[PDB]
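Shown here: model_24.cif, mmCIF, C-alpha atoms and all ligand atoms; chains and numbers go by the auth columns.
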```
data_my_file
loop_
_atom_site.group_PDB
_atom_site.id
_atom_site.type_symbol
_atom_site.label_atom_id
_atom_site.label_comp_id
_atom_site.label_asym_id
_atom_site.label_seq_id
_atom_site.Cartn_x
_atom_site.Cartn_y
_atom_site.Cartn_z
_atom_site.B_iso_or_equiv
_atom_site.auth_seq_id
_atom_site.auth_asym_id
ATOM 1 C CA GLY A 1 100.580 99.278 107.870 0.00 1 A
ATOM 2 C CA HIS A 2 100.472 101.531 104.814 0.00 2 A
ATOM 3 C CA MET A 3 103.127 102.010 102.131 0.00 3 A
ATOM 4 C CA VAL A 4 105.687 100.934 104.730 0.00 4 A
ATOM 5 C CA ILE A 5 106.882 97.753 103.023 0.00 5 A
ATOM 6 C CA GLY A 6 110.570 96.896 102.833 0.00 6 A
ATOM 7 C CA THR A 7 110.693 94.664 105.900 0.00 7 A
ATOM 8 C CA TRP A 8 113.866 92.574 106.061 0.00 8 A
ATOM 9 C CA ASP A 9 113.968 88.866 106.899 0.00 9 A
ATOM 10 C CA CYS A 10 116.515 87.503 109.373 0.00 10 A
ATOM 11 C CA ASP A 11 119.037 84.796 108.490 0.00 11 A
ATOM 12 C CA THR A 12 119.759 83.327 111.922 0.00 12 A
ATOM 13 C CA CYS A 13 116.431 83.228 113.757 0.00 13 A
ATOM 14 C CA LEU A 14 114.154 83.532 110.724 0.00 14 A
ATOM 15 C CA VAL A 15 112.115 86.634 111.554 0.00 15 A
ATOM 16 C CA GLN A 16 110.934 89.616 109.509 0.00 16 A
ATOM 17 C CA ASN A 17 111.328 93.198 110.727 0.00 17 A
ATOM 18 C CA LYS A 18 110.529 96.758 109.651 0.00 18 A
ATOM 19 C CA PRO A 19 113.124 98.735 107.648 0.00 19 A
ATOM 20 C CA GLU A 20 112.768 101.526 110.207 0.00 20 A
ATOM 21 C CA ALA A 21 114.358 99.328 112.872 0.00 21 A
ATOM 22 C CA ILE A 22 118.057 98.876 113.633 0.00 22 A
ATOM 23 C CA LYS A 23 117.989 95.231 114.717 0.00 23 A
ATOM 24 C CA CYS A 24 115.785 92.132 114.825 0.00 24 A
ATOM 25 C CA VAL A 25 112.622 92.014 116.936 0.00 25 A
ATOM 26 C CA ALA A 26 113.089 88.376 117.939 0.00 26 A
ATOM 27 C CA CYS A 27 116.811 87.671 118.280 0.00 27 A
ATOM 28 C CA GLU A 28 117.992 91.285 118.419 0.00 28 A
ATOM 29 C CA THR A 29 120.354 90.915 115.461 0.00 29 A
ATOM 30 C CA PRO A 30 122.292 93.885 114.024 0.00 30 A
ATOM 31 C CA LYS A 31 120.583 95.017 110.821 0.00 31 A
ATOM 32 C CA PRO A 32 122.793 94.864 107.700 0.00 32 A
HETATM 33 ZN ZN ZN B . 116.523 87.526 114.036 0.00 101 A
#
```
Would it be possible to restate this file's structure as structure tokens?
Amino acid sequence: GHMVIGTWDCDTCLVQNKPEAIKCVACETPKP
């Protein structure tokens, strides 16, 4: 919640996620 921006938005389920993750947090999609 602090200087952690960079979240990526999905393109299949339409859901944002943290850049520290490996996949989506809604559809479980493989991060690019
Ligand atoms: Zn997704």
Neighbouring residues of residue 31 in chain A were defined as those with any atom within 7 Å, considering all atoms listed in the file; residues of the same chain fewer than 6 positions away were excluded. Please report them as a PyMOL selection string. chain A and resi 22-24
Spell out the residues picked by the PyMOL selection byres (((not hetatm)) within 10 of (chain A and resi 101)) here, as number ranges by chain. A: 8-17, 23-31
Need the axis-aligned box for range 3-22 of chain A with 6 Å each side, so what are the centre and edges in Å to one decimal, as lines of an AutoDock Vina configuration file?
```
center_x = 111.4
center_y = 92.6
center_z = 107.9
size_x = 28.6
size_y = 30.8
size_z = 23.6
```
Place a sphere of radius 7 Å on (112.2, 96.5, 105.9) in the file coordinates and name every protein, DNA or RNA residue with an atom inside or on its surface, counting only C-alpha atoms; give the answer as a ChimeraX atom specification. /A:5-8,17-20
